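Accompanying notes for the structure given below.
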Amino acid sequence: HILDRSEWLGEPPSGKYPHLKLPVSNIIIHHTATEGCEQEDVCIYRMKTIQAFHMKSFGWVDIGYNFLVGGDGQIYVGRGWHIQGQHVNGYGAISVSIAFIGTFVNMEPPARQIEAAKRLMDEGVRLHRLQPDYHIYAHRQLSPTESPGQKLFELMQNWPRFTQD
Ligand SMILES: [Cu+2]
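Mapped onto the UniProt record's numbering, the consecutive letters of the sequence shown carry residue numbers 58 to 222.
Next comes the structure, spelled out in structure tokens:
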């Protein structure tokens, strides 16, 4: 279940932003450092609120992430596959971001949230958005941040395609 901008009731982007050359080789895992969401209506509310924060507080053209996944086990489309993402605690790696909605410092995401990210990535490969040999990194490997949270970072150690280096 993938909710696009029309389904999470988002605003259109306020301007253009550099395109991503596809397929991309890297996925970067974030957390949103907000409350999590375990049912669609709450996830949609969170998405709207995060988009507003990014657009109004930071002045960005759109919610910063390419994709987000909710504790409801659903995928939320942010900027999508074709547009470069933007992130607090920035980095320049050519990649697509997936933000786990929530804060995973001392709690883990439910299985269904992790499974949503996995499903998103396999679809990326099928539709030629992600290279077949793509690698997965944590935001904190690339920038001085806690993101995606200690507990989620621990879980990632055993993920297929997770790259320590
Ligand atoms: Cu949909």
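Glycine included, every Cβ here is placed at the ideal spot set by N, Cα and C.
- Under the criterion of beta carbons closer than 8 Å, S152 and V81 qualify as touching, at roughly 6 Å.
- A distance below 8 Å separates the beta carbons of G142 and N123.
- Per DSSP, the continuous beta strand (DSSP E) segment holding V81 begins and ends at 81-88.
- If you look at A156, you'll find it in the beta strand (DSSP E) that goes 153-157.
- Going by beta carbons, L125 and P166 fall outside the 8 Å limit.
- The beta carbon of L60 sits closer than 7 Å to at least one heavy atom of ligand 1.
- If you compare the alpha carbons of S200, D190, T160, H58 with that of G149, the shortest gap goes to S200.
- When only Cα atoms are considered, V182 and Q188 end up about 6 Å apart.
- Beyond the five residues adjoining it in sequence on each side, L177 comes within less than 8 Å, by CB distance, of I59, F124, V126, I132, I155 in the same chain, given in chain order.
- With a threshold of 7 Å, the Cβ atom of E97 does not count as near ligand 1, since no heavy atom of the ligand is closer than that.
- Counting only runs that start and end inside the stretch 174-198, the beta strand (DSSP E) elements of at least 3 residues fall at 187-195.
- Between the alpha carbons of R197 and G159 lies a distance of about 16 Å.
- As a beta-bridge residue in DSSP terms, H76 pairs with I140.
- Across the set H144, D129, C100, the C-alpha of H144 shows the shortest separation from the C-alpha of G116.
- A Cβ-Cβ contact shorter than 8 Å links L79 with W138.
- Per DSSP, the continuous beta strand (DSSP E) segment holding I132 begins and ends at 132-134.
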